[PDB]
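Worksheet: one structure, shown below.
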Ligand SMILES: [O]/O=C(/[O])[C]([O])[C]([C]C([O])=O)C([O])=O
Ligand code: SF4
């Protein structure tokens, strides 16, 4: 047995490739067919590979992830529920990353110092719960959860789960890294099997070589536009083909990260040479040597069947830019001027922002600085404001040492703390008025409803960092840098050459400042106290147990039109301050959803009083009056971000079922976790038969069984009614979370509590 440790922080926790192969060959003697790469890593982590029913898109796989990662906006509710198990130690290597609460205001040092004082109480809670239950803690300044994971924790054939929808970034180093809600991270930290609907697999055949201004980001901007935000739901994405090798490991992580935007369970690349080189450059040459020894198990089987296959010729791919309000509205940088024209999107760029976990790598900063260098060499600074987020303290230390940070500061860039920042709305934007229509281009992933600054009128376009830099220099979406000229301060016209930069540093990466804090899981001792009077942290009161009766005469709180993402159900930005307090954060419930009745966000009719008002207040008014209610939704309800708050908040305010045409995968699992009923119309045209006024009866809950639809009676005000059927994807363990009131309660009742 090789004794090669998972990371430099867990010397004693070894990679189990032996276990993986054992289970793969068990499964493969039962399936007798080629396995894809995500099927080898996923079925190789099955708790029972000899008896697990394995069928794509149909069965619930009982799995054993190798490790759990949390970030600080979703770690507070995950540790509060983990304290409730009363387990004294986590069962797997687990980390907390403090990246989500640092607000971009004046730039890195100022900002991080501001945030450590602003967020003391929360950072203290998370460090102390981390020391107490054996969770490694990365302090504010460490970096964005996914960078730190790529540099320290992802490896070939890992199964990692993270409480973030962009955990898929770790597929850049051949692991299966899946985003989940905090209650799923609590399963694995408490030792209980994690279940995952068995994934379908989309294969993206890559061909050719990326050239010029075209970078890895453009491969996923292209696949998102092709497949749409709904195209990857319930599937893992597998890249393969000759083109794979032309992409660096952090470029493969960029392509896997924004796979989240098509609803994919996760994305992965096969173990290869550029992965090997990235491991070695990060002090993990030993993991790369063991991976070489099991590479048989870390690449797809010849002839493996993909459910969908898409092909991309990398050498014909052009620079793209997606937006302004969906990540799947794709444009070549070439024609984006004209479309903004036709469609009335602002052509002047207010702010260009490079960073986020999607595009904050050393290679990313290197190509951004290569573009900035040329502009600087002609006496130019940025026309648009320009912000730069480094992905980790190591990348800030190294780009500082290798001079990228001074070039980018010299064209007028502000380099922010190594934190999410403007990406989740942790931004004190001061250059517009609220409501001012404007355009910002970013090298981020998502571009929902100005969610960068809380201005619904901000038009955000996602692109590659080097195109963000050429466009912040030019100030307008009319600039295509592959073909347009700029005028130096010397009155001479020049065109920007395509960037070229080092994938990795020549020397060692400079680690920067000390930000890791290992659990003294020696003595431990110190207790985590949360103030009975905190406005930011509150202990979770157990949700109520099911009374065993039907859901009769349900009031419709809202019938939502169109796109209802978790940023519509539970916004971030000024709400991240309450990610540890459920009653305070429940005050954003669905304030962004569009009411079909009047097509307004946060204006629903209260049915007792007949006044139109805040969706949060109406839900508390129905709860205080004993009126149980339902949300009716459209398609891909709950798209986007991972936050289990979008499911904790409707349960907390009296919610009972969310009936939709379809759900996003993580949100639907979060709804089952919190004792709500996610249900879908057996016929989606029945959405059209429910009017905001109807009362609805969900009958047959005494007979709730796997694969059997429920009856819904739509009670119309004129006394007519009509019965429809509702399908559900509950298996018997999720039906027991329902009966008990939540999965947490089901655990406490199994724990003879
Ligand atoms: O990745 O982005 C976002 O949105 C965030 O990060 C989320 C969670 C929270 O909110 O925190 C997810 O998950 O995704
Ligand atoms: S997508 Fe943005 S808010 Fe989510 S982790 Fe990446 S940088 Fe942070």
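Going from the start of the chain as shown, residues are counted 1 onward.
According to its header, the structure was obtained by X-ray crystallography, 2.0 Å.
Note that Cβ sites are derived from N, Cα and C of the backbone, with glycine treated the same way.
Under the heading substrate binding site, Swiss-Prot lists 71, 164, 165, 166, 446, 451, 579, 642, 643, citing experimental evidence as support. The [4Fe-4S] cluster binding site annotation in Swiss-Prot covers 357, 420, 423. According to Swiss-Prot, the feature compositional bias 'Basic and acidic residues' maps to 496-509. Among the features that Swiss-Prot reports, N6-succinyllysine is placed at 22, 383, 489, 495, 563, 661, 695 (among others). Sequence annotations record features per position, and here Swiss-Prot assigns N6-acetyllysine to 110, 205, 489, 495, 708 (among others) based on similarity to another entry.
The recorded positions near ligand 2, defined by a Cβ under 6 Å from one of its atoms, do not include any of 22, 205, 579, 643, 708. Proximity to ligand 1 at the level of Cβ atoms, with a cut-off under 6 angstroms, picks out 165, 643 from the recorded positions 22, 165, 563, 643, 708. Remark: residue 423 ([4Fe-4S] cluster binding site) has 353, 355, 356, 389, 442, 444, 452 as non-local neighbours, by Cβ distance under 8 Å and separation of at least 6 in sequence. On its own chain, residue 661 (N6-succinyllysine) has 633, 634, 635, 637, 680, 681, 684, 687 as residues at least 6 apart in sequence with a Cβ closer than 8 Å to its own Cβ. For residue 22 (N6-succinyllysine), applying a Cβ distance below 8 Å and a minimum sequence separation of six or more within one chain yields no residues. On a Cα basis, residue 446 (substrate binding site) lies 35 Å away from residue 489 (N6-acetyllysine). Counting only same-chain residues six or more apart in sequence, the Cβ atoms lying under 8 angstroms from the Cβ of residue 357 ([4Fe-4S] cluster binding site) belong to 144, 145, 146, 147, 166, 169, 257, 391, 420. Relative to residue 495 (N6-acetyllysine), the binding-site residues 71, 446, 579 all have Cα atoms farther than 10 Å away. The least crowded of the binding-site residues 71, 165, judged by other CB atoms within 10 A of its own CB, is 165. Separation of the C-alpha atoms of residue 643 (substrate binding site) and residue 563 (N6-succinyllysine): 17 Å, rounded to the nearest whole number. Ranking the modified residues 110, 205, 563, 695, 708 by Cα distance from residue 71 (substrate binding site) puts 110 first.
Cα of residue 708 (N6-acetyllysine) to Cα of residue 165 (substrate binding site): a span of 30 Å. By neighbour count, meaning other C-beta atoms within 10 Å, the densest spot among the recorded positions 495, 563, 579, 643, 708 is 643.
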